[PDB]
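Just one chain is shown here, as structure tokens, and it is the form deposited in one PDB entry.
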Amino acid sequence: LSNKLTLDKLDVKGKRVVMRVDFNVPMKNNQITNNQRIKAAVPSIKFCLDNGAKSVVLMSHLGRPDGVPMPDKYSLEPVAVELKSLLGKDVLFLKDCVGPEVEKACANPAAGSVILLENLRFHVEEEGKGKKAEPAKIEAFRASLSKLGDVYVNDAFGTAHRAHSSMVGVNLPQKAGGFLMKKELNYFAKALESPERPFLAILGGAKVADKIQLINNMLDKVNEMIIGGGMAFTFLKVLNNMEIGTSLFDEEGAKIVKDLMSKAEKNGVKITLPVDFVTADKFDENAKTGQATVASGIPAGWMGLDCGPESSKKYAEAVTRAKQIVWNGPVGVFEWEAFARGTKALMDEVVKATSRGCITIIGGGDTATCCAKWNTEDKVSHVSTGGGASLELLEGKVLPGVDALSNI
């Protein structure tokens, strides 16, 4: 951010501040399971209020409602409640994020007002697609958001890889990076400058279509890569002709698997894929469970939701060799006890590695929740609010949310 406006240089006195945050927090049984991402924005929010901001209007997405209002499933209302406790101030929640009624709520607020808008992705104009997109409405959506403040702050590190309307399209004269954006970028700048080697990337989780497309460039930066979680099945189906049942599979990514493996070979990147699994008869906490290996395949109508013990051993071996690790994506559905062992075991190993001097970086809305669940947040080097955003920094890219900020 050396050439970007940041919040420490933004005059907020008497100003309405419209602020993009990443409040895309994990939810289970409808409750917030980790408030990490909300707590992480509090320093910027408090700074604005302590320095005389007239208001702070907070906007985020939650999940992927795909441009349709889904207040039953993906409302940010619970976040407003949580933010109250964390701030020490009350926060007014609006049931939309644009236009007439929201614009009036934000036009001239009482001094010190904190306002949280509803899920930006209830409108197809945020992402620009759903559910297909339309330029004049996209422009109009961005215009509306811009009226909600006099100055703009982006503290949404976790979303900074998304060139979405709220992230790159707000038109106000001063667009400043917040303190979380600064903290995260500064950490990664230093950690990625001259990594300790071997440098291992651990890629798991879900969102396989997105994550598989990051591997090509990551292969130029790391010395080893664990490909686990939901992403492994695309690789195993292609490379081993493994039956994968109903496990996550990315048709598009499947087409580049062999090219990625070629490139890993060319670059001397050792790829560790799982070799065994805990299977489920459906995507449910209380599914019937089984075991499978790559040789056995996964039966029809069953899905692999965790790696098995033989995979955990191979993952542990990669971790023991590492002097630096970036981990994004649990290696199983760790939210459900039946499918949590692989991720706990990997967590144990990553903690052990830190203790003997490994630089260990865990990132993501869900992967950071692994740290919270097993009480390891202060037992690794850094826990980032960014998952994909962090992987994009590892690739060596500028994040669109940062690029869109005002130059100094």
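Numbering starts at 1 and runs along the sequence shown. Definition used throughout: the rigid core is the maximal C-alpha set that superposes within 1.5 Å between two forms.
What follows is about the form deposited in another entry, which we do not show.
Visitor: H164: CA shift of at least 2 Å between this form and the one not shown after core fit?
Guide: Not so; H164 is displaced by less than 2 Å.
Visitor: Classify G357 as shifted (yes) or not shifted (no) between this form and the one not shown, where shifted means its C-alpha moves by 2 Å or more with the rigid core superposed.
Guide: Moves: yes, 2 Å or greater.
Visitor: Please check whether, in that other deposited form, the CA atoms of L192 and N217 lie closer or farther apart than here, given a change of 3 Å or more.
Guide: Result: closer.
Visitor: Since the C-alpha distance between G204 and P65 changes by 3 Å or more in that other deposited form, give its direction relative to the shown form: closer or farther.
Guide: Farther, not closer.
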